[PDB]
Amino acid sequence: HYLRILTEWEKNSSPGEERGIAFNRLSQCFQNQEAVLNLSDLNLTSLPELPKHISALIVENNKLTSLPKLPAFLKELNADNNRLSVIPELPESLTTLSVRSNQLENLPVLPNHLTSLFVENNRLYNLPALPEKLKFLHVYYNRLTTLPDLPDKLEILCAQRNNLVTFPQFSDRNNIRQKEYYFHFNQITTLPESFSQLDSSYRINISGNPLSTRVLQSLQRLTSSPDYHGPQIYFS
């Protein structure tokens, strides 16, 4: 019976907090056993206990700094445009985790059934073990220098505007489907030969990075050969 607590939370709406609207929204979901909880755009500075039945919480565009425990059956979490300093435990049920536009410097352990991870515009310094189920990863606008080894089924990887200095190790063509990886504006000087073994399914943008003249010549010679059907590559 935290419904009274829900009311209390409302009574504690600091000037600007639209806690009442959320109170109604939360009550409705609880009474109707709803499955979608979105308290975004409510100027919330805190969040009351969440119903364990919900599997999708949308709380973006708010002034949150920490999040209550997440239902063990959650599958999608949207906390963008928040000042979150840390994210609570991730349920193995979670498949989508977007907390961009935050101040996260480290990330909790990632379930192995997660397919979407958006953690851009953060102060992340190191990323946790990446689950293979993840097909999309956005880690841009962060201060990362060492990307963890990429999973096998990684389709999109936007890892630009970071402090990366060394190119990452791939799955060695464990995936034969189209793949777009972005590594531009990162401080990389040299690259691995493993790249020479990747198919044209790979699309890589390394433009802006401080690559060495040697690699430039090499890669320029590679991109000027008809026999070369290697990965679509971009550089500058």
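Position 1 is the first residue in the sequence shown; the rest follow in order.
- Taking only CA atoms, the mean B-factor in the PDB entry is higher for 27 to 35 than for the other of 177 to 185 and 27 to 35.
- The PDB entry records a higher mean C-alpha B factor for 193 to 201 than for its counterpart among 57 to 65 and 193 to 201.
- In this entry, the residue among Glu89, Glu105, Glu120, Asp152 with the greatest C-alpha B factor is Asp152.
- Among the modelled residues of its chain, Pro51 has a C-alpha B-factor that falls in the highest third, as given in the PDB entry.
- When all modelled residues of the chain are sorted by CA temperature factor, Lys135 is found within the middle third.
- In the PDB entry, a CA B factor belonging to the highest third of its chain's modelled residues is recorded for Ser171.
- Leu147 sits in the highest third of its chain by CA B factor, as recorded in the PDB entry.
- Among the modelled residues of its chain, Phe235 has a C-alpha B-factor that falls in the lowest third, as given in the PDB entry.
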